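Shown next: input_29.cif, given as mmCIF, C-alpha atoms and all ligand atoms.
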data_protein
#
loop_
_atom_site.label_atom_id
_atom_site.label_comp_id
_atom_site.auth_asym_id
_atom_site.auth_seq_id
_atom_site.Cartn_x
_atom_site.Cartn_y
_atom_site.Cartn_z
CA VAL A 1 120.05 69.13 111.17
CA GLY A 2 119.82 66.70 108.26
CA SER A 3 119.33 67.13 104.54
CA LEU A 4 117.88 70.05 102.57
CA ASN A 5 115.17 69.20 100.04
CA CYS A 6 112.59 70.82 97.78
CA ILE A 7 109.31 69.08 96.98
CA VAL A 8 106.94 70.15 94.19
CA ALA A 9 104.34 68.88 91.72
CA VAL A 10 104.63 70.51 88.29
CA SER A 11 102.79 70.36 84.96
CA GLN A 12 104.44 69.88 81.56
CA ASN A 13 104.38 73.67 81.03
CA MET A 14 106.16 74.13 84.41
CA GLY A 15 103.01 75.25 86.23
CA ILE A 16 102.74 74.91 89.99
CA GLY A 17 99.76 77.11 90.81
CA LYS A 18 96.83 79.13 89.58
CA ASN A 19 95.33 81.77 91.87
CA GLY A 20 96.59 80.16 95.03
CA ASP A 21 95.35 76.70 94.07
CA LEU A 22 96.87 73.80 92.15
CA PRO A 23 96.38 73.98 88.34
CA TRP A 24 94.97 70.41 88.16
CA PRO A 25 92.08 68.66 89.98
CA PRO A 26 92.96 67.16 93.39
CA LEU A 27 95.11 64.03 93.12
CA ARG A 28 94.55 62.23 96.42
CA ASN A 29 97.50 59.85 96.23
CA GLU A 30 99.84 62.62 95.11
CA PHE A 31 98.93 64.54 98.28
CA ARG A 32 99.50 61.33 100.28
CA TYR A 33 102.99 61.14 98.75
CA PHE A 34 103.73 64.74 99.74
CA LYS A 35 102.52 64.00 103.29
CA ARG A 36 104.59 60.85 103.58
CA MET A 37 107.80 62.35 102.19
CA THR A 38 107.74 65.53 104.24
CA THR A 39 106.60 63.84 107.50
CA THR A 40 108.82 60.74 107.55
CA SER A 41 111.91 61.38 109.69
CA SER A 42 115.03 59.21 109.60
CA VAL A 43 116.10 60.22 113.15
CA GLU A 44 114.42 59.21 116.45
CA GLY A 45 113.02 62.06 118.57
CA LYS A 46 113.11 64.58 115.72
CA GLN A 47 110.57 66.06 113.29
CA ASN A 48 111.14 67.45 109.82
CA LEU A 49 110.90 71.21 109.20
CA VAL A 50 108.78 72.59 106.36
CA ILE A 51 109.71 76.03 105.01
CA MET A 52 107.26 77.94 102.84
CA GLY A 53 106.47 81.42 101.62
CA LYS A 54 103.49 83.36 102.91
CA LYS A 55 101.25 82.73 99.89
CA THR A 56 102.01 79.00 100.01
CA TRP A 57 101.01 78.88 103.69
CA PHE A 58 97.65 80.51 102.95
CA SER A 59 97.11 78.19 99.97
CA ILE A 60 96.96 75.20 102.31
CA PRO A 61 93.37 74.46 103.38
CA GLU A 62 92.98 75.67 106.99
CA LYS A 63 92.04 72.09 108.04
CA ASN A 64 95.50 70.89 106.93
CA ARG A 65 97.37 73.78 108.60
CA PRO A 66 99.83 73.49 110.22
CA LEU A 67 101.14 70.45 108.36
CA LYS A 68 100.78 67.93 111.18
CA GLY A 69 103.81 66.17 112.62
CA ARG A 70 106.18 68.71 111.03
CA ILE A 71 107.57 72.00 112.30
CA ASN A 72 106.03 74.75 110.13
CA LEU A 73 108.06 77.86 109.26
CA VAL A 74 106.73 80.72 107.14
CA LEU A 75 108.85 83.23 105.20
CA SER A 76 107.69 86.86 105.13
CA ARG A 77 109.05 90.38 105.52
CA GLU A 78 105.57 91.90 105.99
CA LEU A 79 104.32 89.68 108.80
CA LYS A 80 105.35 90.62 112.34
CA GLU A 81 104.66 87.18 113.85
CA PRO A 82 103.94 83.64 112.61
CA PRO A 83 100.43 83.25 111.15
CA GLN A 84 97.73 81.56 113.24
CA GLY A 85 98.73 77.87 113.41
CA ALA A 86 102.34 78.31 112.23
CA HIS A 87 105.34 77.75 114.49
CA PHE A 88 108.09 80.03 113.18
CA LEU A 89 108.57 83.10 110.99
CA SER A 90 111.76 84.14 109.19
CA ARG A 91 112.52 87.12 106.97
CA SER A 92 114.73 85.18 104.55
CA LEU A 93 115.64 81.62 103.55
CA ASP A 94 119.18 82.14 104.88
CA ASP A 95 117.68 83.32 108.18
CA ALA A 96 115.43 80.24 108.33
CA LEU A 97 118.35 77.89 107.75
CA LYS A 98 120.41 79.77 110.38
CA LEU A 99 117.52 79.34 112.85
CA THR A 100 117.70 75.53 112.51
CA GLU A 101 121.24 75.80 113.94
CA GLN A 102 120.08 77.77 117.01
CA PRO A 103 119.80 75.88 120.34
CA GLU A 104 115.99 76.09 120.07
CA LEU A 105 115.92 73.88 116.92
CA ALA A 106 119.28 72.14 116.22
CA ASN A 107 118.26 69.22 118.43
CA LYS A 108 114.68 69.03 117.12
CA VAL A 109 114.89 69.13 113.31
CA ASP A 110 115.89 66.27 111.02
CA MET A 111 115.16 66.97 107.32
CA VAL A 112 114.32 70.39 105.92
CA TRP A 113 111.67 70.50 103.18
CA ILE A 114 111.10 73.61 101.09
CA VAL A 115 107.51 73.33 99.91
CA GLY A 116 107.11 76.55 97.87
CA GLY A 117 106.63 78.93 96.26
CA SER A 118 108.54 79.96 93.13
CA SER A 119 111.02 82.48 94.55
CA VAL A 120 111.86 80.25 97.52
CA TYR A 121 112.49 77.30 95.22
CA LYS A 122 114.65 79.47 92.94
CA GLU A 123 116.93 80.74 95.69
CA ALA A 124 117.36 77.28 97.22
CA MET A 125 118.08 75.74 93.81
CA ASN A 126 120.78 78.28 92.95
CA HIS A 127 122.52 78.33 96.33
CA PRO A 128 125.73 76.26 96.56
CA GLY A 129 125.51 73.01 98.53
CA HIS A 130 123.92 69.58 98.81
CA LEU A 131 120.26 69.68 97.70
CA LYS A 132 117.65 67.20 96.45
CA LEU A 133 114.52 68.02 94.45
CA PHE A 134 111.53 65.70 94.74
CA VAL A 135 109.57 66.48 91.61
CA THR A 136 106.21 65.06 90.61
CA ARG A 137 105.83 65.40 86.84
CA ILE A 138 102.14 65.96 86.01
CA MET A 139 102.23 64.84 82.39
CA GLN A 140 99.79 67.31 80.86
CA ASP A 141 99.61 71.06 80.29
CA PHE A 142 97.55 73.06 82.77
CA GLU A 143 96.73 76.78 82.80
CA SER A 144 98.94 78.29 85.51
CA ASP A 145 100.01 81.68 86.87
CA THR A 146 103.08 80.59 88.83
CA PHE A 147 105.87 78.32 87.66
CA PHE A 148 108.70 76.13 88.87
CA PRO A 149 112.17 77.56 88.17
CA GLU A 150 114.41 75.98 85.54
CA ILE A 151 116.18 72.80 86.67
CA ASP A 152 119.81 72.97 85.50
CA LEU A 153 120.51 69.34 84.55
CA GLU A 154 124.26 70.00 84.40
CA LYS A 155 123.99 70.38 88.17
CA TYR A 156 120.93 68.29 89.09
CA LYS A 157 121.30 64.60 88.42
CA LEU A 158 118.11 62.60 87.96
CA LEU A 159 118.44 59.55 90.20
CA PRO A 160 117.63 56.14 88.61
CA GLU A 161 115.39 55.27 91.59
CA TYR A 162 115.09 56.20 95.25
CA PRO A 163 113.86 54.22 98.28
CA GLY A 164 110.20 54.88 99.09
CA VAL A 165 109.55 56.52 95.71
CA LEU A 166 107.64 54.59 93.03
CA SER A 167 109.44 54.63 89.66
CA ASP A 168 106.53 53.84 87.33
CA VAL A 169 103.68 55.92 85.90
CA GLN A 170 100.82 56.84 88.21
CA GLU A 171 97.32 57.90 87.20
CA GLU A 172 94.47 59.57 89.06
CA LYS A 173 91.41 61.28 87.58
CA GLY A 174 92.68 60.44 84.06
CA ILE A 175 95.88 62.41 84.71
CA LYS A 176 99.18 60.53 84.34
CA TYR A 177 102.08 61.55 86.56
CA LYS A 178 105.45 60.25 87.76
CA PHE A 179 107.80 60.79 90.72
CA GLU A 180 111.40 61.92 90.23
CA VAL A 181 114.31 62.69 92.52
CA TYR A 182 117.13 65.06 91.51
CA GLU A 183 120.37 65.62 93.44
CA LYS A 184 123.05 68.28 93.17
CA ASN A 185 126.18 68.92 95.28
CA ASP A 186 128.18 72.05 94.47
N1 LIG B 201 102.33 72.50 92.87
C1 LIG B 201 103.14 72.55 93.94
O1 LIG B 201 103.89 71.65 94.28
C2 LIG B 201 103.11 73.83 94.74
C3 LIG B 201 102.23 74.82 94.37
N2 LIG B 201 102.19 76.01 95.08
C4 LIG B 201 101.23 77.00 94.59
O2 LIG B 201 102.10 77.94 93.95
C5 LIG B 201 101.70 79.24 94.29
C6 LIG B 201 103.09 79.84 94.26
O3 LIG B 201 103.26 80.70 95.34
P1 LIG B 201 104.14 81.99 95.13
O4 LIG B 201 103.29 83.00 94.45
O5 LIG B 201 105.42 81.63 94.52
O6 LIG B 201 104.32 82.49 96.68
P2 LIG B 201 105.23 82.16 98.01
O7 LIG B 201 104.62 81.08 98.78
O8 LIG B 201 106.67 82.04 97.69
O9 LIG B 201 104.92 83.48 98.75
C7 LIG B 201 105.39 84.71 98.23
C8 LIG B 201 105.49 85.61 99.40
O10 LIG B 201 106.23 84.75 100.41
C9 LIG B 201 107.01 85.63 101.19
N3 LIG B 201 108.41 85.22 100.76
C10 LIG B 201 108.73 84.43 99.72
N4 LIG B 201 110.05 84.24 99.70
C11 LIG B 201 110.58 84.86 100.75
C12 LIG B 201 111.87 85.01 101.23
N5 LIG B 201 112.93 84.44 100.64
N6 LIG B 201 112.05 85.74 102.35
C13 LIG B 201 111.01 86.30 102.97
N7 LIG B 201 109.78 86.19 102.53
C14 LIG B 201 109.53 85.48 101.42
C15 LIG B 201 106.07 86.77 100.82
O11 LIG B 201 105.96 87.72 101.80
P3 LIG B 201 106.08 89.19 102.07
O12 LIG B 201 105.54 90.06 100.84
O13 LIG B 201 104.98 89.19 103.22
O14 LIG B 201 107.44 89.55 102.50
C16 LIG B 201 106.23 86.95 99.35
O15 LIG B 201 105.33 87.94 98.83
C17 LIG B 201 101.06 79.12 95.68
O16 LIG B 201 99.93 79.97 95.71
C18 LIG B 201 100.57 77.67 95.78
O17 LIG B 201 99.15 77.53 95.59
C19 LIG B 201 103.04 76.24 96.18
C20 LIG B 201 103.93 75.23 96.55
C21 LIG B 201 103.98 74.03 95.83
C1 LIG B 202 102.57 73.99 99.61
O1 LIG B 202 102.83 72.63 99.25
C2 LIG B 202 101.78 71.87 99.61
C3 LIG B 202 101.32 71.85 100.93
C4 LIG B 202 100.23 71.07 101.27
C5 LIG B 202 99.61 70.30 100.30
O2 LIG B 202 98.54 69.53 100.63
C6 LIG B 202 98.95 68.18 100.77
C7 LIG B 202 98.00 67.53 101.76
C8 LIG B 202 98.73 66.37 102.41
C9 LIG B 202 98.36 66.28 103.88
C10 LIG B 202 99.56 66.54 104.80
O3 LIG B 202 100.69 66.73 104.29
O4 LIG B 202 99.30 66.53 106.02
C11 LIG B 202 100.07 70.31 98.98
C12 LIG B 202 101.16 71.10 98.63
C13 LIG B 202 101.61 71.09 97.18
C14 LIG B 202 102.54 69.95 96.78
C15 LIG B 202 101.91 68.83 96.25
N1 LIG B 202 102.62 67.80 95.83
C16 LIG B 202 103.96 67.81 95.92
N2 LIG B 202 104.63 66.75 95.49
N3 LIG B 202 104.61 68.86 96.42
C17 LIG B 202 103.95 69.94 96.86
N4 LIG B 202 104.67 70.94 97.36
#
When written as C-alpha cells, how does the structure in this file appear?
Ligand SMILES: NC(=O)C1=CN([C@@H]2O[C@H](COP(=O)(O)OP(=O)(O)OC[C@H]3O[C@@H](n4cnc5c(N)ncnc54)[C@@H](OP(=O)(O)O)[C@@H]3O)[C@@H](O)[C@H]2O)C=CC1
Ligand SMILES: COc1ccc(OCCCCC(=O)O)cc1Cc1cnc(N)nc1N
Amino acid sequence: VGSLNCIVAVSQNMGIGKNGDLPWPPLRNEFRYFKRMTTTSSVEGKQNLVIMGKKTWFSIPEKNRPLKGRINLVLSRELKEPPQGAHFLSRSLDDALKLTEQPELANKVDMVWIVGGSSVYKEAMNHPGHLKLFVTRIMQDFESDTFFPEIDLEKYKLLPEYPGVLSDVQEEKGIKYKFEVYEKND
C-alpha cells in the first residue's frame, strides 16, 4: 500500500458542506481535478482506495457512485454491510487502514485517499505518520454547516508546487480558487 492522503475543497470560512451538498455552485473543473487526483495510480495493476464517512457516501450523486476506477470504502458503525454500490465497510479509520494490509487488499491498493467528512479528516490529520493534504482553496465565504478541521502549519508544510497540480489561480462561475498541497511527517 502506498501513500495516505486527504483531499478536500474548502471555502475561506472553512466550509466544506451545507446539508449534504457543497456550499458553492458546481465547479466542473474542480470536480475533474478531484477525479484525476484520486483515480490516477502510480503503480501498474493497482487502483487507489477512497475512504469516506457514511454521509459523504450518500452526498455523492448516485450516478457517480461508486467512484469509478477506485476501490470505495465506507466508514460506519450503524451499517451492517456496505451500501448499494460500495465495495467495503469498516467501523473505524484504523480498521480501514488495517484492512488494506490484509491479503484481500495489500496487493490491490496503491494510494489511499480520505475524501471526507469532517471527523474522518480530523482523525487522519492528528494521527502520527506521513500524510499529505490536497486542499482546494475556494476564495470566498460560503454559508456552510460542516467545516474542515484546523490545519496545524507547524506540522503541515505547504509545498511550493507539486507535479500534476496547477499553481496559479483558477476561476469558474465567477469563483476564484487555487490548489494547494500540504505534507507532514511525524
Ligand atoms: N467540500 C469537500 O471537499 C467535501 C465536502 N463534503 C461534504 O461535507 C459534509 C460533511 O460530512 P460529515 O457530516 O462530516 O459526515 P461523514 O461523511 O464523516 O459521515 C459521518 C458519519 O460517517 C460515519 N463515520 C464517520 N467517521 C467514522 C469513523 N471514524 N468510524 C466509523 N464511522 C464513521 C457515520 O456513521 P454511523 O453514525 O453510521 O456510525 C457518522 O455519523 C458531507 O455531507 C459532504 O456533502 C464531504 C467531503 C468533502
Ligand atoms: C466526497 O468527496 C467528493 C466525492 C465526489 C465528488 O464529486 C466529484 C465528481 C468527480 C467524478 C469522479 O470522481 O468520478 C466531490 C467530492 C468533494 C470534493 C471536491 N473537490 C475536492 N478537491 N475534494 C473533494 N473531496
Environment of ligand LIG 202 (chain B) within 6 Å, counting all atoms listed in the file, reported as an NGL selection string: :A and (7-9 or 30-32 or 34-35 or 56 or 60 or 64 or 67-68 or 115-116 or 136)
For the interface of chain A with ligand LIG 201 (chain B) (cut-off 7 Å, counting all atoms listed in the file), please tabulate each contacting residue of chain A alongside its nearest pair of atoms and their separation in Å to one decimal, rows sorted by chain and increasing number, as a Markdown table.
| residue | atom | partner | partner_atom | distance |
| --- | --- | --- | --- | --- |
| A:7 | CA | B:LIG201 | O1 | 6.6 |
| A:8 | CA | B:LIG201 | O1 | 3.4 |
| A:9 | CA | B:LIG201 | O1 | 3.8 |
| A:10 | CA | B:LIG201 | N1 | 5.5 |
| A:16 | CA | B:LIG201 | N1 | 3.8 |
| A:17 | CA | B:LIG201 | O2 | 4.0 |
| A:18 | CA | B:LIG201 | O17 | 6.6 |
| A:19 | CA | B:LIG201 | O16 | 6.3 |
| A:20 | CA | B:LIG201 | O16 | 3.4 |
| A:21 | CA | B:LIG201 | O17 | 4.2 |
| A:22 | CA | B:LIG201 | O17 | 5.6 |
| A:52 | CA | B:LIG201 | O7 | 5.8 |
| A:53 | CA | B:LIG201 | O7 | 3.4 |
| A:54 | CA | B:LIG201 | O10 | 4.0 |
| A:55 | CA | B:LIG201 | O7 | 3.9 |
| A:56 | CA | B:LIG201 | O7 | 3.6 |
| A:57 | CA | B:LIG201 | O7 | 6.5 |
| A:59 | CA | B:LIG201 | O17 | 4.9 |
| A:75 | CA | B:LIG201 | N7 | 4.1 |
| A:76 | CA | B:LIG201 | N7 | 3.4 |
| A:77 | CA | B:LIG201 | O14 | 3.5 |
| A:78 | CA | B:LIG201 | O13 | 3.9 |
| A:79 | CA | B:LIG201 | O13 | 5.6 |
| A:90 | CA | B:LIG201 | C13 | 6.6 |
| A:91 | CA | B:LIG201 | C13 | 4.4 |
| A:92 | CA | B:LIG201 | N6 | 3.5 |
| A:93 | CA | B:LIG201 | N5 | 4.9 |
| A:115 | CA | B:LIG201 | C20 | 5.3 |
| A:116 | CA | B:LIG201 | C20 | 3.7 |
| A:117 | CA | B:LIG201 | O8 | 3.4 |
| A:118 | CA | B:LIG201 | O5 | 3.8 |
| A:119 | CA | B:LIG201 | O8 | 5.4 |
| A:120 | CA | B:LIG201 | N4 | 4.9 |
| A:146 | CA | B:LIG201 | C6 | 5.5 |
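Across the structure, atom CA of residue A:152 and atom CA of residue A:165 are spaced 21.9 Å apart.
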Would you please work out which residue, of A:153, A:125, A:1, A:37, is nearest to residue A:109 when using all atoms listed in the file?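 Nearest to residue A:109: A:1.
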In Å to one decimal, how far is atom CA of residue A:151 from atom CA of residue A:86?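 Between atom CA of residue A:86 and atom CA of residue A:151 the gap is 29.6 Å.
Between atom CA of residue A:142 and atom CA of residue A:5 there is a distance of 25.0 Å.
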Between A:185, A:11, A:167, A:102, single out the one closest to residue A:131, counting only C-alpha atoms. A:185
Polymer residues at most 8 Å from residue A:89, all atoms listed in the file, same-chain spacing of 5 or more positions, as JSON, numbers by chain: {"A": [73, 74, 75, 76, 81, 82, 96]}
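Here the question is which of A:121, A:12, A:33, A:137 gets nearest to residue A:178 using all atoms listed in the file, and that residue is A:137.
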So, with all atoms listed in the file as the atoms that count, which of A:58, A:177, A:113, A:88 lies closest to residue A:139? A:177
Selection near residue A:111, 9 Å with all atoms listed in the file, sequence-local residues under 4 positions removed, as a list in words: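 My reading of the contact set: residues 1, 2, 3, 4, 5, 38, 40, 41, 42, 43, 46, 47, 48, 49 and 50 of chain A.
Residue nearest residue A:6, chosen from A:172, A:132, A:123, A:27 and counting all atoms listed in the file: A:132.
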Once 6 Å is added on each side, what are the centre and the three edge lengths, in Å to one decimal, of the axis-aligned box enclosing the listed atoms of stretch 89-104 of chain A? Present them as JSON.
{"center_x": 114.9, "center_y": 81.3, "center_z": 111.9, "size_x": 24.7, "size_y": 23.6, "size_z": 28.8}
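The closest residue to residue A:161, picked from A:106, A:127, A:44, A:182 and counting only C-alpha atoms, is A:182.
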Counting all atoms listed in the file, I want the residues whose atoms come within 7 Å of (129.0, 76.2, 96.9) in the file frame, returned as a ChimeraX atom specification. /A:127-129,186
